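Chains as they are written, first to last, in the entry's author numbering: chain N4, 1 to 459; chain BL, 53 to 151; chain BK, 2 to 175; chain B1, 3 to 58; chain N5, 1 to 603.
Even for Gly, the Cβ is constructed at its ideal location relative to N, Cα and C.
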Amino acid sequence: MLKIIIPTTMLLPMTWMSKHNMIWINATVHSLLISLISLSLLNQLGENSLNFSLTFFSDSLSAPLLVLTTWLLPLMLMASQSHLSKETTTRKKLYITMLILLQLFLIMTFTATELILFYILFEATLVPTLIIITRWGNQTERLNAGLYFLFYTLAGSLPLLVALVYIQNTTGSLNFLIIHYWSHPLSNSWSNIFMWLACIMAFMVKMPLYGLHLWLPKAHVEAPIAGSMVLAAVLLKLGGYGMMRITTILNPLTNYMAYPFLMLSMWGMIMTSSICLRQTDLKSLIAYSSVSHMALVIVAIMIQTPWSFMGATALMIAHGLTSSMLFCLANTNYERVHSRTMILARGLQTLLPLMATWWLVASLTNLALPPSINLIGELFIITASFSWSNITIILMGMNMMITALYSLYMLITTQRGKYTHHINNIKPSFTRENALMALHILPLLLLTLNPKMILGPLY
Amino acid sequence: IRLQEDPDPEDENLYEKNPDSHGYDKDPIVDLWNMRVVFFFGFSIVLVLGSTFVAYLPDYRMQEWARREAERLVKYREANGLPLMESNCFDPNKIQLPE
Amino acid sequence: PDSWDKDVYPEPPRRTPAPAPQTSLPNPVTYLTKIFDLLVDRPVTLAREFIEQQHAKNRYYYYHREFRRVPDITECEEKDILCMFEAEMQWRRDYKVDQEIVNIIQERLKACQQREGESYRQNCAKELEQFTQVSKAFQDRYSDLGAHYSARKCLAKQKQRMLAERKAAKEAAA
Amino acid sequence: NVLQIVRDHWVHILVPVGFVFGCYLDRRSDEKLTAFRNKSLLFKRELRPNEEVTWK
Amino acid sequence: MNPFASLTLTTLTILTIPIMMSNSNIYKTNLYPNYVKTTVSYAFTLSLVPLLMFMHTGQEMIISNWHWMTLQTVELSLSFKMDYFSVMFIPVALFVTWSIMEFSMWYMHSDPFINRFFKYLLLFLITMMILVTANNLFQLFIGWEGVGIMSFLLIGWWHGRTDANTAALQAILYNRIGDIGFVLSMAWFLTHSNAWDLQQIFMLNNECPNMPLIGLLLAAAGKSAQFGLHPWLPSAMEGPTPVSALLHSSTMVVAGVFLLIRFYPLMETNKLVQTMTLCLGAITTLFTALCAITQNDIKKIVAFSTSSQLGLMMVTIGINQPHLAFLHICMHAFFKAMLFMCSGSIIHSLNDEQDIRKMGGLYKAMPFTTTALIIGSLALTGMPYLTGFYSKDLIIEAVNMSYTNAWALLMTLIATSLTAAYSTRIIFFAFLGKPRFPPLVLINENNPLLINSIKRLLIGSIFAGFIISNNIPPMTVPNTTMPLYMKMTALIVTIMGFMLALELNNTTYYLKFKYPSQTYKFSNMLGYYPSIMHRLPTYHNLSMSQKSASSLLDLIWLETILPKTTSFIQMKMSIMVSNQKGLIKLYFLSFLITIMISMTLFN
Ligand SMILES: CCCCCCCCCCCCCCCCCC(=O)OC[C@H](COP(=O)([O-])OCC(O)COP(=O)([O-])OC[C@@H](COC(=O)CCCCCCCCCCCCCCCCC)OC(=O)CCCCCCCCCCCCCCCCC)OC(=O)CCCCCCCCCCCCCCCCC
Ligand SMILES: CCCCCCCCCCCCCCCCCC(=O)OC[C@H](COP(=O)([O-])OCC[N+](C)(C)C)OC(=O)CCCCCCCCCCCCCCCCC
Ligand SMILES: CCCCCCCCCCCCCCCCC[C@@H](O)O[C@H](CO[C@H](O)CCCCCCCCCCCCCCC)COP(=O)(O)OCC[N+](C)(C)C
Ligand SMILES: CCCCCCCC/C=C/CCCCCCCC(=O)OC[C@H](COP(=O)(O)OCCN)OC(=O)CCCCCCC/C=C/CCCCCCCC
């Protein structure tokens, strides 16, 4: 994994030694090169994972997330160069450095072979994100959003650290291969119940679980465009990856401790879709859509079947791409009119045609339209939940109906209708914005063409 | 008033000075070359080359190998009357049950 | 064709009836088939002949990988990590092979149903029985192992099944 | 001139040399894990007359 | 190789071809509509060829050309089932689409985005072909959602029209409830049959159960606008007339009926689901005809007629006559497409006037559209030897001669009478009498595009039924023996409806004014179903979305429990700890207390 880690640690000096007018060009070009290099990890084995060394390893679950991170970095660079034109050169370099550090920590997190190193890195992802939010956010609420995000995540994660050190003391190793080959059943006792609670609650807060999600609207709405893109695409997937990795040793206690979390996830998925139906803010609408999708992923992981894990992985990748695209579209419209109210700007279908096409495609992918990988993952999760029980179909159907309703409501409100009469600063869409949308959408359709690359180890 | 504060500047339009602007930078040459490098590298290199690389990735998942092995096993078992799918993954002779 | 084994993928001998016309009218299907042969089949055949002739000049081979048997989880000692890893890998490969066996039987069932058409209920009883046996065995072997399945878990399930069978047999003989 | 261009475009080699160094370090890490090379029960075989190791 | 598979896949591919040319100067110019129409005509002939192949030897095939992915023991591959249903429906759909596209070349001349309109029509055709030829459930669902989203895009064609946007979203909502049912069926089939394809589903499901069959029934009702989920189809008239003629009435609303037909072995195995399908179809056809007989919008009348015919087809499926349902699908496609085209011609001639109260005198004002509409109405009502006779008459005879629900049979007969009634209403208020349109007469129906499209769909409305009936092999045992009065039941009720509706419409000439009745108010206002069911449930759901989920739970109580209470406790304790006056006497007395406590308590 050093052939991918070291190029980022070289991107840092490149950013800090480039000329003032070439920082964005250099960062984008070399981020795309690093993504191309990281595409090699998709060649996975059918029996075991790719164990590079004693510290880093790659799996059919880690590879798509790493590729998504490496592909997402240049898009964040494009959006940031859009909205940071008046900043000084030093602050531009600092912003690029924060993005690079976040990507490096995410790569090391997804490739870490030991639970304690994984914990250290996935906690280290907070600092660049908090700095980005609380420093380059636009509104007054960025400080409160950062506080909420940081303290929710840390209150979740500290008992996870205690549980990890206790597991190390009890068993002798936190290496994932060792804890998988030497896994032993977890007897039904209060101590095991609380260990299960510590681990699962940390990752549920990271997911986020319904009832533990307020930090997500707070942070996503108030963060800059790059922060919003990375929060939804990758940082939300740390919880799912951790739960997939950590549930090896939690059986058979997961068969009994999953009921409250399953009920919370299903009913909160319904509730957050309904909230999306009546949202006066576009970023809030997208954030609650993210909450619903991650609640579905939580349901899949908790029911814990080979068919659910594949759907969970596919839904994670598809939701990451779709949420990044939706946040980018909302940011473009915000840069037009300097306000996040959804009904302020209308008639954008007749004011900006190709951007309306991008909106339509993003909304179509947001709802499960076949044969998109969104639909593939959602359908796999729905079928696994149907096998689990036969009223999960009722809940999933209600969620799908409300999902289509709010997606098309957002599309119609933002695009259809008649344009606002007094808004006359909506310039034609930039080549940069259109290229950003194209780079968001085309990989989604290519992954639809080749679906087995994002179905996880269980395929 | 309570401060000596600058008024909020008017929003700047890139099309005002550069009518054919891609939206990357104020300087026309740097803007054009940023657009060129982004489009070339991203679309051409990443999309086309990575997509064809993924399409032609070698069969390391052993899907074709597993199909061939299954074909051979089915041929052997059906040609000799043995069941196509064994009832046990392991050998009861090698499994020692407690009494 | 020689591409696939006719025994692995069975197919009944085709019985096409001989045409016995009873009208002096021409056959539009026959005329259109002749036109299709003259306009499409011959050009594609010539193109494929040229392509195959090009292929035969640079002929090269690829092989089928062979794996030798290794001791399984039953033979592996407790907390012997190397033997445990070898047995787990072998069990995973055998699991994939069994999945492909089930897939082959299912494909045979589907093809026989479509072939028999209107009388599939009676004529496909042979293929339905084979699929029933294969599915029953596969389900008994890998039914509810879970997302984190392993050779140890499958062995424990087999031990539980064997204990239940032994108890039932002892009760019957009692 | 070349001296002015190189003074501005010398940073573009950093990521490529980092990639090369990372590949080299991957090779070095792999060369330290040759404890069961040509000794696994599944892949154990006799060496060819003109080769020293099965993999590097 | 047999030309069957090659020709079928070629028709599908050449349908797809003009979409690949949508980024070219031909798409930029004004030759794109004619280009798409020519491609559709070529596809129609190339699909007629395999129909000739089937009519001779009855050849049917499945083509699993490309393997998509293997999910353990479940293999999903791109498979097309070219059977009797596919090889008979494809030429009919392509013929109808060809006629609709020429009629749209005439009708949509002034539209700024006629090229995009033709691209959307072609995309809908492609998705419908995928749905029809799909061999496995995943591909069938792909076609399902494709035609749904194309309907959404084409209903709200005029994006500035709020009513158009509402109609599009309403159609999406009802089809999404249908998709809930479809996903239930797909999940059950996978779980209990280890496959998503028709071959293994039919093999393993020797006696199909209520859960999958009810899932399929719900999906079909949603897609075909049966009772309970009906209002979206009449409201879908907000789109342009070509969209209503091609998409909804003729080809897309028969998707649910086609889905039920494709699982006719399972439907034969079950009985309760057959009874439910029969009752749903009966109530749907009766209710929709009753609503139709008193509408003043010609597009609305034709839409309700389409819904009634769909209900009749669902009745046909419910009595275990799946092939009659498909025959009626074809015949109805023909004559309903022609009727919608004639209505669109009338609307265009009278300057976007869709009110029969303003139409009149068109019998002599427009000869060709008049005769075409009369022929279509006669075929719809079951003229003794037209296209609708070879399906509707057999359907009625099967309903009478089977072990059916008495109420369902009675409602079917009443629906036939009301069909005659609303056809009489259309003719009487659109062509007979004196003109009521504005004085500036812009009537001109001499366009070759319109004339040729109506001619092509007019020869089918007369002769296609005979040809199709005489060429298909016998798919069921005929009802040779029956009482004479029961043989004449369809004709008798048709004539009775004609006469009663004609008398009631002639009573309008009298200089006598009377207030409307309760039954008239119920029938005209669509049974009050759109009002209550579109105002009460939506209001309650949206109110709960903000009052309870957003405000009460998300913004108030979930904030009060974890983040606010903890912060308040920390603030209170911090104030308590730091609220010290810095008095050495006080905290040294505290030190003394601490020392005594340590000495005594700790041992
Ligand atoms: C909870 C109840 C649940 C019921 C479930 C079952 C429902 C079944 C319904 C069946 C259809 C009923 C009739 C149509 C109702 C709507 C009428 C309407 O809106 O007309 C305006 C509408 C025209 O409106 P417009 O031109 O816009 O002008 C506004 C009007 O001027 C405005 O003038 P208007 O407001 O004075 O006109 C309406 C008025 C006058 O219009 C009519 O009477 C039209 C129907 C006349 C024919 C139906 C009766 C006779 C049918 C059989 C005749 C032959 C029998 C056999 C004889 C030989 C036996 C060997 O209608 C009535 O007074 C009610 C008559 C229908 C009663 C339906 C059953 C009871 C409903 C609930 C109880 C309350 C009823 C009283 C009304 C409310 C309280 C005041 O009329 C038409 O378009 C024609 C309607 C009739 C044509 C079809 C006639 C034949 C088909 C139906 C009968 C079945 C024949 C085959 C039987 C086969 C058996 C095996
Ligand atoms: C057996 C042989 C099989 C095939 C082997 C092929 C081997 C090719 C070896 C040579 C490659 C290098 C030379 C060509 C590079 C591309 C230039 C080009 O097409 O420009 C035209 C295009 C279009 O040119 P244009 O639009 O500027 O000019 C049009 C013409 N006039 C002047 C009239 C306007 O160039 C661009 O768009 C410029 C964008 C920036 C390019 C920066 C290139 C940097 C150097 C190359 C780096 C490549 C890294 C690839 C990733 C890592 C490896 C996978
Ligand atoms: C303007 C008009 C638009 C429409 C018309 C456009 C022009 C016509 C295009 C028509 C395309 C219709 C679909 C037909 C596709 C044909 C090619 C396709 O079938 O090939 C697939 C090829 O699939 C590819 O693998 C898909 C590439 C997936 C790329 C993923 C993203 C690439 C990196 C991007 C970075 C972003 C990362 C995102 C998170 C991971 C099938 O895979 P496979 O059958 O096996 O290949 C056979 C070769 N083998 C046998 C050796 C294997
Ligand atoms: C299984 C899941 C539950 C299924 C039923 C749940 C129904 C939930 C209702 C959805 C809540 C609506 C959220 C927002 C939707 C968009 C807002 C809205 O109301 O749209 C307005 C729009 C405008 O009305 P118009 O008549 O066109 O008048 C226009 C005048 N200018 O109205 C609508 O589109 C709403 C239509 C759906 C409302 C609910 C009706 C569904 C109830 C029927 C369920 C019973 C089905 C029975 C099955 C029978 C087959 C076996």
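When the Cα of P33 (chain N5) is compared with those of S64 (chain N5), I90 (chain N5), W68 (chain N5) and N115 (chain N5), which residue comes out closest?
On the fifth sequence, position 33 is the one that residue 33 (chain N5) refers to. The residue with the shortest Cα to Cα distance from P33 (chain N5) is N115 (chain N5).
Taking the continuous alpha helix (DSSP H) assigned at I177 (chain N5), which residues delimit it?
As a first step, residue 177 (chain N5) is located in the fifth sequence; it is residue number 177 there, counting from the start. Note, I177 (chain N5): alpha helix (DSSP H), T162 to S193.
For the beta strand (DSSP E) that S363 (chain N4) lies in, which residues bound it at each end?
For the purposes of this step, residue 363 (chain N4) is identified with residue 363 of the first sequence, where counting begins at 1. Annotation: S363 (chain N4) is outside any beta strand (DSSP E); the continuous alpha helix (DSSP H) that includes it extends over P353 to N366.
Rounded to whole angstroms, what's the CA-CA distance from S523 (chain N5) to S531 (chain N5)? Just pull it up for me.
Along the fifth sequence, one-based indexing puts residue 523 (chain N5) at 523. Along the fifth sequence, one-based indexing puts residue 531 (chain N5) at 531. Their Cα atoms are separated by approximately 13 Å.
Using a Cβ-Cβ distance cut-off of 8 Å, determine whether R262 (chain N5) contacts chain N4.
Taking the fifth sequence and counting its residues from 1, one reaches residue 262 (chain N5) at position 262. No, because no Cβ of chain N4 sits closer than 8 Å to the Cβ of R262 (chain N5).
DSSP puts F57 (chain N4) in a beta bridge; with which residues?
Against the first sequence, residue 57 (chain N4) aligns to sequence position 57. Paired residue(s): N51 (chain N4).
Do three or more CB pairs link the region 380 to 399 of chain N5 to the region 411 to 426 of chain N5 at distances below 8 Å?
yes
Given that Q304 (chain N4) touches chain BK, what residues does it touch there, using C-beta distances under 7 Å?
Here residue 304 (chain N4) corresponds to residue number 304 of the first sequence, with the count starting at 1. Result: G147 and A148.
Would DSSP call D355 (chain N5) helix, strand or coil?
One-based indexing of the fifth sequence puts residue 355 (chain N5) at position 355. Three-state DSSP puts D355 (chain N5) in a strand.
CB of residue 649 (chain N5) to nearest heavy atom of ligand 4: below 7 Å?
Residue 649 (chain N5) is absent from the structure shown; chain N5 starts at 1 and stops at 603.
Checking contacts by CB at 8 Å: is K97 (chain BK) closer than that to chain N4?
Walking along the third sequence from the start, residue 97 (chain BK) turns up at place 96. At least one CB of chain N4 lies nearer than 8 Å to the CB of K97 (chain BK).
List the residues of chain BK whose Cβ lies closer than 9 Å to the Cβ of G46 (chain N4), in chain order.
As a working mapping, residue 46 (chain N4) is identified with position 46 in the first sequence. What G46 (chain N4) touches in chain BK: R93, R94 and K97.
Nearest-angstrom Cα distance between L449 (chain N5) and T414 (chain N4)?
For the purposes of this step, residue 449 (chain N5) is identified with residue 449 of the fifth sequence, where counting begins at 1. For the purposes of this step, residue 414 (chain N4) is identified with residue 414 of the first sequence, where counting begins at 1. Between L449 (chain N5) and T414 (chain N4), the C-alpha separation is close to 38 Å.
Can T75 (chain BK) and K146 (chain BL) be called in contact, C-beta distance under 8 Å?
In the third sequence, residue 75 (chain BK) corresponds to position 74, counting from 1. In the second sequence, residue 146 (chain BL) corresponds to position 94, counting from 1. The answer is yes: Cβ separation under 8 Å.
Based on the DSSP secondary-structure assignment, which residues constitute the bridge partners of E75 (chain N5)?
On the fifth sequence, position 75 is the one that residue 75 (chain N5) refers to. Paired residue(s): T70 (chain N5).
Any heavy atom of ligand 4 closer than 7 Å to the beta-carbon of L216 (chain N5)?
Taking the fifth sequence and counting its residues from 1, one reaches residue 216 (chain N5) at position 216. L216 (chain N5): no, Cβ never under 7 Å from ligand 4.
According to DSSP, is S64 (chain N5) helix, strand or coil?
Translated into positions along the fifth sequence, residue 64 (chain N5) becomes position 64. In the structure shown, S64 (chain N5) sits in a strand (DSSP, three-state: E or B).
Using Cβ-Cβ distances below 7 Å, what residues of the region 429 to 440 of chain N4 are close to chain BL?
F430, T431, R432, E433, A435 and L439
Three or more beta-carbon pairs under 8 Å between the region 127 to 140 of chain BL and the region 77 to 92 of chain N4, yes or no?
no
Tell me which residues of the region 195 to 217 of chain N5 have at least one Cβ-Cβ distance to chain BK shorter than 7 Å, keeping chain order.
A195, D197, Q199, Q200, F202 and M203
At the 8 Å Cβ level, is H65 (chain BK) part of the contact set with chain BL, yes or no?
For this step, residue 65 (chain BK) is matched to residue 64 along the third sequence. Judged by the 8 Å Cβ criterion, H65 (chain BK) is in contact with chain BL.
Return the residues of the region 54 to 81 of chain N4 that lie within a Cβ-Cβ distance of less than 8 Å from chain BL, sorted by chain order.
For the region 54 to 81 of chain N4, the set of positions with a beta-carbon nearer than 8 Å to some beta-carbon of chain BL reads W71, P74, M78 and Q81 in chain order.
Which value, in whole angstroms, describes the spacing of the CA atoms of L66 (chain BL) and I225 (chain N4)?
Within the second sequence, numbered from 1, the residue matching residue 66 (chain BL) stands at position 14. Within the first sequence, numbered from 1, the residue matching residue 225 (chain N4) stands at position 225. Computed Cα separation, rounded: 20 Å.
Is it true that the CB of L458 (chain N5) sits closer than 8 Å to the CB of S423 (chain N5)?
In the fifth sequence, the residue the question calls residue 423 (chain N5) occupies position 423. In the fifth sequence, the residue the question calls residue 458 (chain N5) occupies position 458. No, Cβ-Cβ distance for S423 (chain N5) and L458 (chain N5) is not below 8 Å.
Can you list the residues of chain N4 that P516 (chain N5) reaches, using a CB-CB cut of under 7 Å?
If you number the fifth sequence from 1, residue 516 (chain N5) lands on position 516. Ordered by position in chain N4, no residue passes the 7 Å Cβ test against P516 (chain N5), which lies about 36 Å from the chain.
Taking 6 Å as the limit between beta carbons, can you name the residues of its chain near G318 (chain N5), skipping five residues before and five after?
Here the question's residue 318 (chain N5) lines up with position 318 in the fifth sequence. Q274, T277, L278 and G281.
Evaluate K392 (chain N5) with the Cβ neighbour count: other Cβ atoms within 10 Å of its Cβ, from every protein chain shown; 16 or more gives buried, anything less gives exposed.
Reading the fifth sequence from its first residue, position 392 is the one you call residue 392 (chain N5). It is buried - the Cβ of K392 (chain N5) has at least 16 other Cβ atoms within 10 Å.
With the cut-off set at 8 Å, would you say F368 (chain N5) and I454 (chain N5) are in Cβ contact?
Here residue 368 (chain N5) refers to the residue found at position 368 when the fifth sequence is read from its first residue. Here residue 454 (chain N5) refers to the residue found at position 454 when the fifth sequence is read from its first residue. For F368 (chain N5) and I454 (chain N5), yes; Cβs fall inside 8 Å.
Using a Cβ-Cβ distance cut-off of 8 Å, determine whether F203 (chain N4) contacts chain BK.
Translated into the one-based positions of the first sequence, residue 203 (chain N4) becomes position 203. With 8 Å as the cut-off, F203 (chain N4) does not count as an interface residue toward chain BK.
Can you list, in chain order, the residues of its chain whose CB lies under 7 Å from that of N296 (chain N5), leaving out five sequence neighbours each side?
Mapped onto the fifth sequence, residue 296 (chain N5) falls at position 296. Contacts found: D355, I356 and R357.
Please identify the residue among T127 (chain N5), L290 (chain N5) and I126 (chain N5) whose C-alpha is closest to the C-alpha of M525 (chain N5).
The residue labelled residue 525 (chain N5) in the question sits at position 525 within the fifth sequence. Here the closest residue by C-alpha is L290 (chain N5).
Against chain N4, with Cβ distances strictly below 8 Å, would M87 (chain BL) count as a contact?
As a working mapping, residue 87 (chain BL) is identified with position 35 in the second sequence. At a cut-off of 8 Å between C-beta atoms, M87 (chain BL) counts as an interface residue with respect to chain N4.
Figure out for me which residue from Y35 (chain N5), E268 (chain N5), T57 (chain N5) and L246 (chain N5) has the closest Cα to the Cα of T17 (chain BK).
Translated into the one-based positions of the third sequence, residue 17 (chain BK) becomes position 16. For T17 (chain BK), the nearest C-alpha among the options comes from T57 (chain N5).
Return the residues of the region 178 to 192 of chain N4 that lie within a Cβ-Cβ distance of less than 8 Å from chain BK, sorted by chain order.
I178, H180, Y181, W182 and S183
Alpha helix (DSSP H) containing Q123 (chain BK): first to last residue?
Counting from 1 along the third sequence, the entry for residue 123 (chain BK) is found at position 122. Annotation for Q123 (chain BK): the continuous alpha helix (DSSP H) segment containing it runs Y121 to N124.
From this set, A501 (chain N5), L589 (chain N5) and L204 (chain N5), which residue's C-alpha is nearest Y121 (chain BK)'s C-alpha?
Residue mapping note: residue 121 (chain BK) aligns to position 120 of the third sequence, counting from 1. Selected option, being the one with the closest Cα: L204 (chain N5).
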